[PDB]
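Asks: Input upload.txt, format and content: compact mmCIF, C-alpha atoms and all ligand atoms.
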```txt
# COMPACT_ATOMS: atom_id res chain seq x y z
CA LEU A 7 168.65 52.58 -82.17
CA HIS A 8 171.26 52.13 -79.40
CA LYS A 9 174.32 50.10 -78.43
CA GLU A 10 174.35 47.65 -75.53
CA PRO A 11 177.31 45.84 -74.01
CA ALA A 12 178.20 42.17 -74.62
CA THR A 13 181.38 40.03 -74.37
CA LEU A 14 182.73 37.50 -76.85
CA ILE A 15 182.05 33.90 -75.82
CA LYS A 16 183.11 32.36 -79.16
CA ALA A 17 183.58 33.17 -82.87
CA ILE A 18 181.37 30.78 -84.94
CA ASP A 19 181.42 31.72 -88.69
CA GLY A 20 181.16 34.78 -91.00
CA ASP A 21 177.73 36.01 -89.84
CA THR A 22 177.19 34.20 -86.47
CA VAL A 23 178.96 34.67 -83.11
CA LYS A 24 178.37 33.53 -79.50
CA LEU A 25 178.18 36.54 -77.14
CA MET A 26 177.16 37.01 -73.50
CA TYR A 27 174.27 39.50 -73.46
CA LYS A 28 172.62 40.62 -70.18
CA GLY A 29 174.65 37.84 -68.50
CA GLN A 30 173.28 34.98 -70.74
CA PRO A 31 175.10 33.10 -73.52
CA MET A 32 173.47 33.73 -76.92
CA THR A 33 174.19 33.03 -80.62
CA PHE A 34 173.83 36.24 -82.67
CA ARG A 35 172.99 36.26 -86.41
CA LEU A 36 174.24 39.49 -88.07
CA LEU A 37 171.36 41.55 -89.54
CA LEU A 38 171.11 42.29 -93.29
CA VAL A 39 174.11 40.18 -94.42
CA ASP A 40 174.89 36.73 -95.79
CA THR A 41 178.39 35.21 -95.57
CA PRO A 42 179.19 32.00 -97.52
CA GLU A 43 179.04 28.85 -95.32
CA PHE A 50 182.50 27.67 -94.14
CA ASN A 51 182.49 24.91 -96.81
CA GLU A 52 181.63 27.44 -99.65
CA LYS A 53 183.94 29.79 -101.60
CA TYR A 54 185.09 32.73 -99.34
CA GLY A 55 183.39 30.95 -96.34
CA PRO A 56 186.72 30.38 -94.49
CA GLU A 57 187.90 33.98 -95.24
CA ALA A 58 184.50 35.36 -93.99
CA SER A 59 184.85 33.25 -90.76
CA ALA A 60 188.53 34.37 -90.31
CA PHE A 61 187.48 38.01 -90.92
CA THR A 62 184.62 38.07 -88.33
CA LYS A 63 186.72 35.96 -85.87
CA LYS A 64 189.69 38.37 -85.86
CA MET A 65 187.38 41.40 -85.78
CA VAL A 66 185.53 40.19 -82.63
CA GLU A 67 188.55 38.51 -80.90
CA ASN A 68 190.79 41.66 -81.27
CA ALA A 69 187.98 43.98 -80.01
CA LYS A 70 188.38 45.36 -76.48
CA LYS A 71 184.65 46.34 -76.62
CA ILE A 72 181.81 44.36 -78.32
CA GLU A 73 178.39 46.05 -78.53
CA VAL A 74 175.08 44.77 -79.87
CA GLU A 75 172.50 47.01 -81.47
CA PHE A 76 168.98 45.65 -81.97
CA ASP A 77 166.82 47.10 -84.74
CA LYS A 78 163.15 48.02 -84.24
CA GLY A 79 161.72 44.59 -85.12
CA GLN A 80 162.14 40.92 -84.22
CA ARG A 81 165.14 40.51 -81.83
CA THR A 82 165.39 36.68 -82.05
CA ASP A 83 164.85 34.60 -85.22
CA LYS A 84 162.94 31.26 -85.47
CA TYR A 85 166.16 29.37 -84.46
CA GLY A 86 166.40 31.47 -81.23
CA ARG A 87 169.46 33.41 -82.55
CA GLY A 88 169.70 37.09 -81.53
CA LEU A 89 169.34 39.41 -84.54
CA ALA A 90 171.54 42.50 -84.25
CA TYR A 91 174.19 44.78 -85.64
CA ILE A 92 177.45 43.89 -83.89
CA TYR A 93 180.23 46.47 -83.28
CA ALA A 94 183.91 45.82 -82.45
CA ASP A 95 185.47 48.95 -80.88
CA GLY A 96 182.77 51.12 -82.50
CA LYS A 97 183.11 49.51 -86.02
CA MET A 98 180.17 47.53 -87.41
CA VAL A 99 181.16 43.90 -88.32
CA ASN A 100 178.02 43.70 -90.57
CA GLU A 101 179.21 46.71 -92.63
CA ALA A 102 182.91 45.69 -92.65
CA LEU A 103 182.11 42.18 -94.09
CA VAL A 104 180.04 43.78 -96.91
CA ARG A 105 182.70 46.47 -97.58
CA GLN A 106 185.38 43.72 -97.96
CA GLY A 107 183.12 41.63 -100.28
CA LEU A 108 182.99 38.78 -97.72
CA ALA A 109 179.19 39.14 -97.33
CA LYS A 110 176.21 40.11 -99.47
CA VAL A 111 173.40 42.43 -98.34
CA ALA A 112 170.55 39.93 -97.73
CA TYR A 113 167.56 38.98 -95.54
CA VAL A 114 166.26 42.56 -95.61
CA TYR A 115 162.91 42.37 -93.78
CA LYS A 116 160.71 45.47 -93.29
CA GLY A 117 160.98 46.85 -89.71
CA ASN A 118 164.51 45.35 -89.13
CA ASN A 119 166.27 47.34 -91.89
CA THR A 120 167.56 50.61 -90.27
CA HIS A 121 171.14 50.22 -91.71
CA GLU A 122 170.08 48.84 -95.16
CA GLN A 123 171.22 51.82 -97.30
CA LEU A 124 174.53 52.15 -95.35
CA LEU A 125 175.31 48.45 -96.14
CA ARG A 126 174.13 48.78 -99.81
CA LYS A 127 176.59 51.72 -100.12
CA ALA A 128 179.37 49.43 -98.77
CA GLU A 129 178.30 46.65 -101.22
CA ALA A 130 178.39 49.12 -104.17
CA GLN A 131 182.06 50.11 -103.30
CA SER A 132 183.11 46.40 -102.75
CA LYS A 133 181.61 45.47 -106.18
CA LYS A 134 183.32 48.50 -107.79
CA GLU A 135 186.68 47.22 -106.36
CA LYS A 136 185.78 43.57 -107.39
CA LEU A 137 186.62 42.40 -103.81
CA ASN A 138 186.54 38.70 -102.91
CA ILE A 139 182.94 37.58 -103.77
CA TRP A 140 182.82 40.24 -106.53
CA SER A 141 186.24 39.21 -108.10
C1 LIG B 1 169.43 37.29 -91.16
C2 LIG B 1 168.13 36.61 -90.82
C3 LIG B 1 167.93 35.25 -91.02
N1 LIG B 1 166.76 34.69 -90.68
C4 LIG B 1 166.49 33.28 -90.92
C5 LIG B 1 165.94 33.20 -92.35
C6 LIG B 1 166.57 31.97 -92.93
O1 LIG B 1 165.63 30.88 -92.85
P1 LIG B 1 165.97 29.38 -93.38
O2 LIG B 1 166.80 28.69 -92.34
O3 LIG B 1 164.57 28.86 -93.43
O4 LIG B 1 166.66 29.44 -94.68
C7 LIG B 1 167.83 31.76 -92.09
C8 LIG B 1 169.13 32.20 -92.77
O5 LIG B 1 170.20 32.11 -91.83
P2 LIG B 1 171.61 31.58 -92.29
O6 LIG B 1 172.11 32.41 -93.49
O7 LIG B 1 172.49 31.74 -91.06
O8 LIG B 1 171.38 30.15 -92.64
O9 LIG B 1 167.69 32.51 -90.93
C9 LIG B 1 165.70 35.48 -90.19
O10 LIG B 1 164.63 34.91 -89.91
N2 LIG B 1 165.85 36.78 -89.96
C10 LIG B 1 166.99 37.40 -90.28
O11 LIG B 1 167.10 38.60 -90.08
CA CA B 2 175.27 32.38 -94.00
```
Go through the file and emit its structure as structure tokens.

Replies:
Amino acid sequence: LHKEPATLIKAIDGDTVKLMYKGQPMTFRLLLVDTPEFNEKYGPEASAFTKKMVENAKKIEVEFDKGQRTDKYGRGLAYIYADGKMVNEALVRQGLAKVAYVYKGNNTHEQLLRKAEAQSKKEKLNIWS
């Protein structure tokens, strides 16, 4: 897998963000995670978390997996990095997302995120409190 450049257009919620990718605006859905919706418990904190992560980053990168690169809603499916740190993994580590929507062939970082979820649960963070 490899990292490609992108720039923030707009923070949306915990697991979606608007980025410019090869010069085109695009909504990205974070692979392998599920944040609560804004109106749900920890939704606002998930949105705040992702928003600050991507807004403070001097360098956003997108990393496609080996499978489907856009979902049925036209959203990009990727791992998103903010100054080399994976937003997907950071949300799970902080208990602001659950490992989820694990589909065969788009699951390269599954065990890395499950390891983060195990530590978050151990610490009873946020969703696991
Ligand atoms: C994360 C992810 C979601 N999706 C689709 C499945 C879900 O379908 P449904 O809309 O039919 O429930 C939806 C979940 O996204 P959200 O959690 O953003 O709603 O997005 C994929 O198809 N591939 C993926 O990798
Ligand atoms: Ca969600």

Asks: With all atoms listed in the file counted, collect every polymer residue having an atom within 7 Å of ligand CA 2 (chain B); state the result as a list in words.

Replies: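 What falls inside 7 Å of ligand CA 2 (chain B) is residues 21, 40, 41, 42 and 43 of chain A.
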
Asks: Neighbours of residue 132 of chain A within 12 Å (all atoms listed in the file; same-chain residues fewer than 2 positions away dropped), as a list in words?

Replies: residues 101, 102, 103, 104, 105, 106, 107, 108, 109, 110, 111, 125, 126, 127, 128, 129, 130, 134, 135, 136, 137, 138, 139, 140 and 141 of chain A

Asks: Quick one: contact table of chain A to ligand LIG 1 (chain B), 9 Å max, nearest atom pair and distance in Å to one decimal per residue, counting only C-alpha atoms and all ligand atoms, chain and number order, as a Markdown table?

Replies:
```
| residue | atom | partner | partner_atom | distance |
| --- | --- | --- | --- | --- |
| A:21 | CA | B:LIG1 | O7 | 6.9 |
| A:22 | CA | B:LIG1 | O7 | 7.0 |
| A:35 | CA | B:LIG1 | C1 | 6.0 |
| A:36 | CA | B:LIG1 | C1 | 6.1 |
| A:37 | CA | B:LIG1 | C1 | 4.9 |
| A:38 | CA | B:LIG1 | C1 | 5.7 |
| A:39 | CA | B:LIG1 | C1 | 6.4 |
| A:40 | CA | B:LIG1 | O6 | 5.6 |
| A:41 | CA | B:LIG1 | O6 | 7.2 |
| A:42 | CA | B:LIG1 | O6 | 8.2 |
| A:43 | CA | B:LIG1 | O6 | 8.0 |
| A:80 | CA | B:LIG1 | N2 | 8.0 |
| A:81 | CA | B:LIG1 | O11 | 8.7 |
| A:82 | CA | B:LIG1 | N2 | 7.9 |
| A:83 | CA | B:LIG1 | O10 | 4.7 |
| A:84 | CA | B:LIG1 | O10 | 6.0 |
| A:85 | CA | B:LIG1 | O9 | 7.4 |
| A:87 | CA | B:LIG1 | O9 | 8.6 |
| A:89 | CA | B:LIG1 | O11 | 6.0 |
| A:90 | CA | B:LIG1 | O11 | 8.3 |
| A:112 | CA | B:LIG1 | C1 | 7.2 |
| A:113 | CA | B:LIG1 | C1 | 5.1 |
| A:114 | CA | B:LIG1 | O11 | 6.9 |
| A:115 | CA | B:LIG1 | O11 | 6.7 |
| A:118 | CA | B:LIG1 | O11 | 7.3 |
| A:119 | CA | B:LIG1 | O11 | 9.0 |
```

Asks: Would you mind reading off the distance between atom CA of residue 96 of chain A and atom CA of residue 53 of chain A, one decimal, in Å?

Replies: 28.7 Å

Asks: Residues proximal to (179.2, 46.8, -83.1) were defined as those with any atom within 9 Å of that point in the file's coordinates, counting all atoms listed in the file. Which are they, as number ranges by chain?

Replies: A: 9, 71-75, 90-100

Asks: Go ahead and write the selection's residues with C-alpha atoms as a PDB file, in the coordinates of the input.

Replies:
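File result_16.pdb, as written:
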```pdb
ATOM      1  CA  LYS A   9     174.320  50.100 -78.430  1.00  0.00           C
ATOM      2  CA  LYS A  71     184.650  46.340 -76.620  1.00  0.00           C
ATOM      3  CA  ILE A  72     181.810  44.360 -78.320  1.00  0.00           C
ATOM      4  CA  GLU A  73     178.390  46.050 -78.530  1.00  0.00           C
ATOM      5  CA  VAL A  74     175.080  44.770 -79.870  1.00  0.00           C
ATOM      6  CA  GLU A  75     172.500  47.010 -81.470  1.00  0.00           C
ATOM      7  CA  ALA A  90     171.540  42.500 -84.250  1.00  0.00           C
ATOM      8  CA  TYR A  91     174.190  44.780 -85.640  1.00  0.00           C
ATOM      9  CA  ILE A  92     177.450  43.890 -83.890  1.00  0.00           C
ATOM     10  CA  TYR A  93     180.230  46.470 -83.280  1.00  0.00           C
ATOM     11  CA  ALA A  94     183.910  45.820 -82.450  1.00  0.00           C
ATOM     12  CA  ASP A  95     185.470  48.950 -80.880  1.00  0.00           C
ATOM     13  CA  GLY A  96     182.770  51.120 -82.500  1.00  0.00           C
ATOM     14  CA  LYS A  97     183.110  49.510 -86.020  1.00  0.00           C
ATOM     15  CA  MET A  98     180.170  47.530 -87.410  1.00  0.00           C
ATOM     16  CA  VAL A  99     181.160  43.900 -88.320  1.00  0.00           C
ATOM     17  CA  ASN A 100     178.020  43.700 -90.570  1.00  0.00           C
TER      18      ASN A 100
END
```

Asks: One decimal, Å: what's the distance from atom CA of residue 7 of chain A over to atom CA of residue 60 of chain A, could you say?

Replies: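 Taking atom CA of residue 7 of chain A as the start and atom CA of residue 60 of chain A as the end point, the length is 28.2 Å.
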
Asks: Counting only C-alpha atoms, which of A:123, A:12, A:68, A:56 gets nearest to residue 24 of chain A?

Replies: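 Smallest distance to residue 24 of chain A is found for A:12.
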
Asks: Let me make sure I understand: among A:120, A:33, A:51, A:59, which one has the smallest atom-to-atom distance to residue 79 of chain A if we use only C-alpha atoms?

Replies: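 The answer is A:120, which sits nearest to residue 79 of chain A.
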
Asks: One decimal, Å: what's the distance from atom CA of residue 30 of chain A over to atom CA of residue 67 of chain A, could you say?

Replies: 18.7 Å

Asks: Closest to residue 26 of chain A among A:88, A:64, A:116, A:77, using only C-alpha atoms?

Replies: A:88

Asks: Find the residue from A:20, A:28, A:86, A:78 that sits nearest to residue 62 of chain A; use only C-alpha atoms when measuring.

Replies: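 Among the listed residues, A:20 lies closest to residue 62 of chain A.
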
Asks: Check the smallest atom-to-atom distance from each of A:17, A:76, A:34, A:27 to residue 61 of chain A using all atoms listed in the file, then report the winner.

Replies: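 For residue 61 of chain A, the nearest of the candidates is A:17.
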
Asks: Could segment 116-136 of chain A be completed with N, CA and C atoms and returned as a short mmCIF file (atom, residue, chain, number, x, y, z; two decimals), keeping the file's coordinate frame?

Replies:
```
data_model
loop_
_atom_site.label_atom_id
_atom_site.label_comp_id
_atom_site.auth_asym_id
_atom_site.auth_seq_id
_atom_site.Cartn_x
_atom_site.Cartn_y
_atom_site.Cartn_z
N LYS A 116 161.29 44.17 -93.70
CA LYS A 116 160.71 45.47 -93.29
C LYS A 116 160.67 45.52 -91.76
N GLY A 117 161.04 46.66 -91.17
CA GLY A 117 160.98 46.85 -89.71
C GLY A 117 162.22 46.35 -88.97
N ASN A 118 163.17 45.73 -89.67
CA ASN A 118 164.51 45.35 -89.13
C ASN A 118 165.53 45.73 -90.20
N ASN A 119 165.47 46.96 -90.69
CA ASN A 119 166.27 47.34 -91.89
C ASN A 119 166.86 48.73 -91.74
N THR A 120 167.05 49.24 -90.52
CA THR A 120 167.56 50.61 -90.27
C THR A 120 168.85 50.85 -91.08
N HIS A 121 169.82 49.95 -91.06
CA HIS A 121 171.14 50.22 -91.71
C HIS A 121 171.20 49.66 -93.13
N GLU A 122 170.06 49.39 -93.78
CA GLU A 122 170.08 48.84 -95.16
C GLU A 122 170.87 49.73 -96.13
N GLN A 123 170.60 51.03 -96.19
CA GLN A 123 171.22 51.82 -97.30
C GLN A 123 172.71 51.98 -97.03
N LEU A 124 173.10 52.11 -95.77
CA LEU A 124 174.53 52.15 -95.35
C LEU A 124 175.23 50.88 -95.85
N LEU A 125 174.63 49.69 -95.65
CA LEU A 125 175.31 48.45 -96.14
C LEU A 125 175.26 48.40 -97.68
N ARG A 126 174.17 48.82 -98.32
CA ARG A 126 174.13 48.78 -99.81
C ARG A 126 175.23 49.69 -100.36
N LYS A 127 175.53 50.79 -99.66
CA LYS A 127 176.59 51.72 -100.12
C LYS A 127 177.94 50.99 -100.05
N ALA A 128 178.17 50.27 -98.96
CA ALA A 128 179.37 49.43 -98.77
C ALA A 128 179.42 48.35 -99.86
N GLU A 129 178.29 47.73 -100.20
CA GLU A 129 178.30 46.65 -101.22
C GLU A 129 178.66 47.26 -102.58
N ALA A 130 178.10 48.42 -102.89
CA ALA A 130 178.39 49.12 -104.17
C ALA A 130 179.90 49.36 -104.32
N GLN A 131 180.59 49.83 -103.26
CA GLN A 131 182.06 50.11 -103.30
C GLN A 131 182.84 48.80 -103.46
N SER A 132 182.55 47.77 -102.65
CA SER A 132 183.11 46.40 -102.75
C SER A 132 182.98 45.83 -104.17
N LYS A 133 181.80 45.94 -104.78
CA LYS A 133 181.61 45.47 -106.18
C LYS A 133 182.50 46.28 -107.12
N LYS A 134 182.48 47.60 -106.97
CA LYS A 134 183.32 48.50 -107.79
C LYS A 134 184.76 47.99 -107.75
N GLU A 135 185.29 47.70 -106.56
CA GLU A 135 186.68 47.22 -106.36
C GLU A 135 186.84 45.74 -106.71
N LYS A 136 185.77 45.02 -107.06
CA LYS A 136 185.78 43.57 -107.39
C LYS A 136 186.37 42.76 -106.24
#
```
